[PDB]
């Protein structure tokens, strides 16, 4: 019966501010998960069941899970005591360029990719990592770096190159991208085999004004850092890629100022 396989194969792991519950359901049956603390009901029929409860402090808490079906069957309780994950800013000094053969180069104009992790950021900053021009027909493009440790990621903050603000939302500022990762050594050829997608991301321009016109709200917003959250169902990772799909001005050029990552080191 699906509800029995569900309770028998269940895994419950800590995640940021709660727990991640996963189980199997190869029949695509309709299961109801009731999750108790001393708080949520999931209604799902996917094959690879995975869902989160959040809102919890990072200390040990007792959790109870029961699975039921639309036929009035109900499982034994699964009990677990788990501590939710709590994020820290990962140590920037361990972040390094990890250049693979099919990556864009980010060492133009006197800087390197590792400039994105040197701490220098904000409206008046001249810091950046700066690529080379390419034809936008070549999007998507990507670059690769090493976090220098393995971590369960929560979120990251991204700053565009600024130089007083007029460079926001043009001149290499990225618009949509994906963040991919892996925990084991990449292949030197830059093959995408062995990489896992971790986040879909879109940098928002609050005003929605065309290229070359930035509002006061746009400039304040970008200078404060753009925040993105990662998927809960991701493995620990060490190596990271940004697969750039688009840029704000549509030109084939990537230029950014800073990237700070948050999560729990392994």
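Numbering follows the first chain given and starts at 1.
A.B. asks: Could you bin the unmodelled part of the deposited chain lying between residue 38 and residue 39 as none, 1 to 3, 4 to 9, or 10 or more?
C.D. replies: Unmodelled stretch: 4 to 9 residues.
A.B. asks: In the PDB record, does 28 to 36 or 57 to 65 carry the higher mean Cα temperature factor?
C.D. replies: Per the PDB entry, the higher value belongs to 28 to 36.
A.B. asks: 14 to 22 versus 252 to 260: which one carries the higher mean Cα B factor per the record?
C.D. replies: Stretch with the greater average CA B-factor: 14 to 22.
A.B. asks: Sorting 188, 73, 154, 127 by Cα temperature factor from the record, which one lands on top?
C.D. replies: Max CA B-factor in the entry, restricted to 188, 73, 154, 127: 73.
A.B. asks: Say you rank 44, 214, 223, 203 by Cα B-factor from the PDB entry; which sits at the top?
C.D. replies: Reading the PDB entry, the winner on C-alpha B-factor is 44.
A.B. asks: Using only modelled residues of the chain, where does the Cα B factor of residue 163 rank: lowest third, middle third or highest third?
C.D. replies: Residue 163: CA B-factor falls in the middle third of its chain.
A.B. asks: Against its chain's modelled residues, does residue 77's Cα B factor rank lowest, middle or highest third?
C.D. replies: It falls in the top third of the chain.
A.B. asks: Comparing against every modelled residue in the chain, figure out the third that the C-alpha B-factor of residue 199 lands in (lowest, middle or highest).
C.D. replies: Residue 199: CA B-factor falls in the middle third of its chain.
A.B. asks: Check where residue 51 lands among this chain's C-alpha B-factors and tell me if it's the lowest, middle or highest third.
C.D. replies: Highest third of the chain for residue 51's C-alpha B-factor.
A.B. asks: Within this chain, which third does the Cα B-factor at residue 240 fall in: lowest, middle or highest?
C.D. replies: Lowest third of the chain for residue 240's C-alpha B-factor.
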